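Asks: Please see the structure below; I have some questions.
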Amino acid sequence: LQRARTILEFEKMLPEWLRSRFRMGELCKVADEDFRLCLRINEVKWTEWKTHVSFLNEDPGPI
Amino acid sequence: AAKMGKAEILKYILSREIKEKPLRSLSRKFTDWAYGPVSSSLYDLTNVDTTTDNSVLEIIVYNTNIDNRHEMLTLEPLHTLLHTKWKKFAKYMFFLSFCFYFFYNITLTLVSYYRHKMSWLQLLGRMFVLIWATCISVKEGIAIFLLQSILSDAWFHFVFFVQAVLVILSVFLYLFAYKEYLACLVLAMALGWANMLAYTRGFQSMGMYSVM
Amino acid sequence: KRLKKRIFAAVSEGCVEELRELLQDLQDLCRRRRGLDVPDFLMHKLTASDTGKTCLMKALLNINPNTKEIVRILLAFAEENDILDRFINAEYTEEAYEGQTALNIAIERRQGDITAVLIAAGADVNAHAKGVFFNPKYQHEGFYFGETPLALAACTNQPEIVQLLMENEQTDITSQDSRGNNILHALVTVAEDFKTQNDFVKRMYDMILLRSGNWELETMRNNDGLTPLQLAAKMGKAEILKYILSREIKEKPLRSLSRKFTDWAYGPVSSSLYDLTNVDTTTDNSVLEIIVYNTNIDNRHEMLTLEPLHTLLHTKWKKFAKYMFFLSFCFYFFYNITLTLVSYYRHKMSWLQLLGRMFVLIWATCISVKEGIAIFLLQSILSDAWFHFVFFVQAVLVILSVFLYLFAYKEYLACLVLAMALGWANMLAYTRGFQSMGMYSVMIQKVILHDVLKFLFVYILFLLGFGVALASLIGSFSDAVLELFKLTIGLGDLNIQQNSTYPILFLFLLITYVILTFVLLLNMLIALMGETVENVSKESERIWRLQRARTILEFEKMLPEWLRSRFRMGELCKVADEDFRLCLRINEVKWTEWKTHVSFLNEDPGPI
Amino acid sequence: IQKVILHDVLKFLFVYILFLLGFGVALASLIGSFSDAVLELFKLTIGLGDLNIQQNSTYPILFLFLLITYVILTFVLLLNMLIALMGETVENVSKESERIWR
Ligand SMILES: COc1ccc2ccc(=O)oc2c1CC=C(C)C
Ligand SMILES: COc1ccc2ccc(=O)oc2c1CC=C(C)C
Ligand SMILES: COc1ccc2ccc(=O)oc2c1CC=C(C)C
Ligand SMILES: COc1ccc2ccc(=O)oc2c1CC=C(C)C
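Residue numbers (the authors' numbering), protein chains in the order written: chain R, 694 to 756; chain V, 348 to 462, 477 to 508, 514 to 578; chain C, 117 to 462, 477 to 508, 514 to 609, 623 to 756; chain E, 579 to 609, 623 to 693.
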């Protein structure tokens, strides 16, 4: 918790145009006429086996 | 859900994947691509990031009255977003903070009793002390004025301001020509080494040397 | 161009009747385009130009409950135009995804029903996927299933689809992809422990192996040079390596493809012959030299409790190195005793002094030769690669000393002392054998040195922190700061207690230093009783088994060749028709598993 | 129990004698010269600080650096013995010394 305060306090110490450069996440079209700043987290699941019907990008490549 | 500390109802907001086709928009944790057992999942940061006035970070982290803050900070669009901010901001800045404050207290004891046209390394060393201690009184003077709390980190904003003001109050006594130019400057340097112990909040090996 | 994109759109959804009339339009497009004879025109209207994705791919990507109807119309449309070979066996042309071959899409989507339709129509079941995705450089970028549709069926846990591909004719089970792997490498490459994977990789290793029936597809080497046993050791896959060394197969027509033969069983007492065909240091690689001489993996203590490994360390210990390591411990101990005697204590020299100096000169040169090889042959320096260095340092400094006597320098005396002082440091490095000396390893002593230096890093600050306040009450600091830590040693000072300025304040400052140091000293013992106790007692017992296991293998390379011919573990046994394998005997007693015994080599149970 | 403790102290002495001999050869170079210096070494742990051998003719700053590393490393080994007794001896003997007493 004491580290987590020092991360937020330092971000207010940055200038405004530094936070524009250092930006976490990318814009992604998740629905029709929608764009959201989104974080990518890659996970590997071996137990839950199912066919995949809810997926945005058909071609799986990190491009 | 962040301010009251409700944990498992906040897991449901940041991981609300909805696979139904007519309303997939009302969802977070989108799946970008899945191939067999390897799947790439886009969590959402519409209000879960310090880019607006409030955020889920500033309400979870900058908060003392609740409870339970370590459990909410292991939720997945939060716990990754601390770690990505740590890897690109503050593993550089906190180590840069640790050196400039360490070279500050080294310079205090050297120019005090050990060592116009002064010596060139002695003049630039005294130049480094005068500007930097005033920056701490300005910086920590704001953080006290903006803000139970003193158990966690609100006391630690005070003591750097105390170390800053006593150096400034010392040289002001030289303008008023008092005897306490010597004694109060010593108490500032002795309290200065106390706050280098307050940079032990980052180091995991120094977790057992906290104040708690 | 509107007609093309409406086909890819109608295929993406369940629009059956829209897809029919588009094909009725596209067939009417071919009647006006009879001049090109439509090989490529039928491809160009059903395949994107840049990516090479086909309409048959596009249905299998987007699984909907009308997918079974979309494909059977497309395959019937491909059959009317006689283009079914190019329409099914088509592939991407991107930099990634090279040859994804829509059969592999249906196998990925866990759709076994539409899988059989493609195979019966002819889907070229050995269609190698390539490209940078399926052969990823980083682990999270892609998925390495093994570049074979037969591999992906068993790697993604589809047992009935393993059956459909294998029983097909031109499956070619022993195929090698890029990187050279079999299917058995691909199952070994992709596995974890029993957590996260409920044993499917182990049984998918099984089901492919019985239908193979031969010793190719498990004695085949990839481009690196490894068999699926050796590659199971190098990557550290634990429970798939339990299955190789304990693969007993009780079926009569193929009992040869087995390890852990049962030699004789009588009631609850059974004698089991494990196998050592490549599990013993008699070839270039082995499962011992790949498990023991390896630092990059993880997990080495778990693989070394597997049964043809764990016994084979113990049998080598009982007949080689409980003799040699105790012989190593005495010759190095008599070495450092002889150094300090001939240095300062004690032509025609004295006879016991001349033979003592004779023992030092030849032996220290042997260490520089022996450890000079082990450095030249070879992250690593955390475990035993640093310990090969220091004996060479102790060897060379004695040799460099006497060379300075040839160059007549003053440093014949001083460098020889530093060699002797470093010589007693390496007798502490013979504490890797003794189990009582497991808590005196370097891994624990590094953690303790980490926890003391950070305590000094607290203590120096409070030494400087209180000490500036001592310097004000009267170098004045350099006199007072020496009085401060000597007070903790026990030097109480009376004259500086009687200060001119504020004697009651300096006495109050002294008593708070004694208390706060006593707080910090108690704060160090909480750090060691809290953290160090549990985890290192797990770690120092696992690093002690491993450090012994390196000393057993290093000693075996120190034996001559004809000594390893004499000292031989295991015997030759006829386990099948016209087969002989060097095999270890392990006698075990099982009382719970009751069964009649039908798989046994020797009918008469006697140890003869 | 008293056999196990005597086993764990003698192996600590078997570490300590080596570091007594190991640092002590470096003490013998900075100036029997060893037999005078090796007596000063363990009496320093008893509490006999010596002033004249602190003022060496050859390299006084090196011998002071050698002295402070002996005090720390012995304090490491002394802490290393208490980890051995709190880690192993506590659980098993409390199972064993109650069964051997009955
Ligand atoms: C170093 O990044 C941080 C920093 C602070 C915290 C605080 C709360 C927490 O539970 O997690 C955190 C992480 C994530 C660490 C890793 C290794 C993903
Ligand atoms: C990166 O700079 C730092 C680093 C750490 C601290 C610590 C406390 C504080 O109040 O101030 C700090 C500053 C700002 C100083 C300047 C000169 C802008
Ligand atoms: C003394 O033989 C050794 C030597 C080293 C190891 C290292 C790993 C391991 O787990 O087991 C080992 C054994 C077997 C001991 C017995 C009593 C069967
Ligand atoms: C059995 O002999 C030993 C024993 C232990 C060691 C230890 C390290 C080493 O590098 O060398 C050794 C030798 C070889 C010495 C000779 C004279 C052939």
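Just so you know, even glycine gets a beta-carbon here, dropped at the ideal spot from N, CA and C.
Find the nearest neighbour of C:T399 within the set C:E719, C:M479 and C:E709, judged by alpha-carbon distance.
Replies: Here the question's residue 399 of chain C lines up with position 283 in the third sequence. For C:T399, the closest C-alpha among the options C:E719, C:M479 and C:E709 is that of C:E709.
Asks: For the stretch 568-589 of chain C, list every residue whose C-beta sits within 8 Å of some C-beta in chain V, in sequence order.
Replies: Hits within the stretch, in order: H585, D586 and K589.
Asks: Let me see if you follow: with CB-CB separation under 8 Å, is V:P384 close to chain R or not?
Replies: Counted from its first residue, the second sequence places residue 384 of chain V at position 37. True, the Cβ-Cβ gap to chain R drops below 8 Å.
Asks: Please indicate yes or no: does the CB of V:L420 lie closer than 7 Å to some heavy atom of ligand 1?
Replies: One-based indexing of the second sequence puts residue 420 of chain V at position 73. Checking every heavy atom of ligand 1 against the Cβ of V:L420, one is found closer than 7 Å.
Asks: Between which residues of its own chain and V:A554 is the CB-CB distance below 7 Å, once the five residues before and five after are set aside?
Replies: Here residue 554 of chain V is taken as the residue at index 188 of the second sequence, counted from 1. Taken in chain order, the residues that qualify are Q529, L532, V533 and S536.
Asks: For ligand 3, is there any heavy atom lying closer than 7 Å to the beta carbon of C:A354?
Replies: As a position in the third sequence, residue 354 of chain C is number 238, starting the count at 1. Not under cutoff, so the answer is no.
Asks: Just to confirm the assignment, what range does the alpha helix (DSSP H) spanning R:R733 have?
Replies: As a first step, residue 733 of chain R must be located in the first sequence, where it is residue number 40. Here R:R733 belongs to no alpha helix (DSSP H); instead the beta strand (DSSP E) covers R729 to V737.
Asks: Kindly list, in the order they appear in chain E, the residues whose Cβ is closer than 8 Å to that of C:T636.
Replies: Numbered from 1 along the third sequence, position 488 holds the residue referred to as residue 636 of chain C. Neighbours of C:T636 on chain E: none; closest Cβ ~12 Å, over 8 Å.
Asks: Whose Cβ in chain E lies nearer than 7 Å to the Cβ of C:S685?
Replies: The sequence position of residue 685 of chain C within the third sequence is 537, counting from 1. The answer, in chain order, is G678.
Asks: Under 7 Å from any heavy atom of ligand 1, does the C-beta of V:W433 make it?
Replies: Start at 1 with the first residue of the second sequence, and residue 433 of chain V comes out as number 86. For ligand 1, at least one heavy atom lies less than 7 Å from the Cβ of V:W433.
Asks: Buried or exposed: where does V:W380 fall if 16 or more other Cβ atoms within 10 Å of its Cβ makes it buried?
Replies: Your numbering for residue 380 of chain V matches position 33 in the second sequence. Burial call: buried.
Asks: Is there at least one Cβ from chain V nearer than 8 Å to residue 513 of chain C's Cβ?
Replies: Not modelled: residue 513 of chain C, which lies between 508 and 514, the two residues flanking a gap in chain C.
Asks: When the Cβ atoms of the stretch 411-428 of chain C are set against those of the stretch 364-372 of chain C, are three or more pairs found closer than 8 Å?
Replies: no
Asks: Would you mind reading off the limits of the alpha helix (DSSP H) that contains C:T699?
Replies: Reading the third sequence from its first residue, position 551 is the one you call residue 699 of chain C. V681 to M706 is the span of the alpha helix (DSSP H), which, as asked, contains C:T699.
Asks: Where does residue 468 of chain V sit, in a helix, a strand or coil, going by DSSP?
Replies: This model leaves out residue 468 of chain V; its place in chain V lies between 462 and 477, and no residues are given there.
Asks: Can you tell me whether C:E719 is helix, strand or coil according to DSSP?
Replies: The count along the third sequence starts at 1 and reaches residue 719 of chain C at position 571. In this structure, C:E719 counts as strand in the three-state DSSP scheme.
Asks: Sort V:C496, V:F524 and V:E423 by Cα distance to V:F506 and report the nearest one.
Replies: Indexing the second sequence from 1 puts residue 506 of chain V at position 145. Looking at the Cα atoms, V:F524 is the closest of the given residues.
Asks: Please compile the residues from chain R whose C-beta is within a distance smaller than 9 Å of the C-beta of V:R416.
Replies: For the purposes of this step, residue 416 of chain V is taken as the residue at position 69 of the second sequence. Within chain R, the residues near V:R416 are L694 and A697.
Asks: Among all the DSSP beta bridges, which residues are the ones paired with V:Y390?
Replies: Along the second sequence, one-based indexing puts residue 390 of chain V at 43. Bridge partners of V:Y390: R:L732.
Asks: Please classify C:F250 as buried or exposed, where buried requires at least 16 other C-beta atoms within 10 Å of its C-beta.
Replies: Here residue 250 of chain C refers to the residue found at position 134 when the third sequence is read from its first residue. By the 10 Å Cβ count, C:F250 comes out buried.
Asks: What's the C-alpha gap between V:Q570 and R:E726?
Replies: Here residue 570 of chain V refers to the residue found at position 204 of the second sequence. Here residue 726 of chain R refers to the residue found at position 33 of the first sequence. Whole-angstrom Cα-Cα distance: 45 Å.
Asks: Determine the DSSP secondary structure at C:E285, reduced to helix, strand or coil.
Replies: Counting from one through the third sequence, the residue named residue 285 of chain C turns up at place 169. Three-state DSSP puts C:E285 in a helix.
Asks: Using three-state DSSP, classify C:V746 as helix, strand or coil.
Replies: Here the question's residue 746 of chain C lines up with position 598 in the third sequence. If DSSP states are grouped into helix, strand and coil, C:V746 belongs with coil.
Asks: Quick one: what's C:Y208 bridged to in DSSP?
Replies: To locate residue 208 of chain C, count along the third sequence from 1; it is residue 92. Paired residues: C:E214.
Asks: Between the alpha carbons of V:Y390 and V:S372, how many angstroms are there, rounded?
Replies: Here residue 390 of chain V corresponds to residue number 43 of the second sequence, with the count starting at 1. Here residue 372 of chain V corresponds to residue number 25 of the second sequence, with the count starting at 1. Answer to the nearest angstrom: the Cα atoms are 13 Å apart.
Asks: May I have all residues whose beta carbon comes closer than 7 Å to any heavy atom of ligand 2, sorted in chain order?
Replies: R:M706, V:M440, V:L443, V:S444, V:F447, V:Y448, V:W493, V:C496, V:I497, V:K500, V:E501 and V:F526
Asks: Counting contacts by CB-CB distance shorter than 8 Å, is C:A381 in contact with chain E?
Replies: Taking the first residue of the third sequence as position 1, residue 381 of chain C is located at position 265. Chain E, which has no Cβ nearer than 8 Å to the Cβ of C:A381, makes this no.
Asks: Consult DSSP for C:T740 and reduce its assignment to one of helix, strand or coil.
Replies: Here residue 740 of chain C refers to the residue found at position 592 of the third sequence. DSSP places C:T740 in coil when its eight states are reduced to three.
Asks: If you follow the alpha helix (DSSP H) that V:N452 is part of, which residue opens it and which one closes it?
Replies: Walking along the second sequence from the start, residue 452 of chain V turns up at place 105. Its alpha helix (DSSP H) spans residues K438 to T456.
Asks: Would you say C:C171 and C:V127 are within 8 Å of each other, going by their C-beta atoms?
Replies: The sequence position of residue 171 of chain C within the third sequence is 55, counting from 1. The sequence position of residue 127 of chain C within the third sequence is 11, counting from 1. Cβ distance < 8 Å, so C:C171 and C:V127 count as in contact.
Asks: Compute every distance between the C-beta of R:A697 and the non-hydrogen atoms of ligand 5, then say whether any falls below 7 Å.
Replies: With respect to ligand 5, the structure shown offers nothing to examine, as its ligands consist of ligand 1, ligand 2, ligand 3 and ligand 4.
Asks: Rank C:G383, C:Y382, C:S388 and C:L370 by C-alpha distance to the C-alpha of C:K376 and give the top, closest one.
Replies: Numbered from 1 along the third sequence, position 260 holds the residue referred to as residue 376 of chain C. For C:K376, the nearest C-alpha among the options comes from C:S388.
Asks: At a Cβ threshold of 8 Å, is C:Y540 touching chain E?
Replies: For the purposes of this step, residue 540 of chain C is identified with residue 405 of the third sequence, where counting begins at 1. Answer no: the Cβ-Cβ gap between C:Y540 and chain E never drops below 8 Å.
Asks: Is C:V385 helix, strand or coil when you go by DSSP?
Replies: Translated into the one-based positions of the third sequence, residue 385 of chain C becomes position 269. C:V385 falls in the strand class under three-state DSSP.
Asks: Short of 7 Å in beta carbon distance, which residues of its chain neighbour C:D641, apart from the five on each side in sequence? Order them along the chain.
Replies: One-based indexing of the third sequence puts residue 641 of chain C at position 493. So the qualifying residues of the chain are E631.
Asks: Which residues in chain C have a C-beta closer than 9 Å to the C-beta of V:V552? List them in chain order.
Replies: Position 186 of the second sequence, counted from the start, is the residue given in the question as residue 552 of chain V. The contacting residues are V603, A604, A606 and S607.
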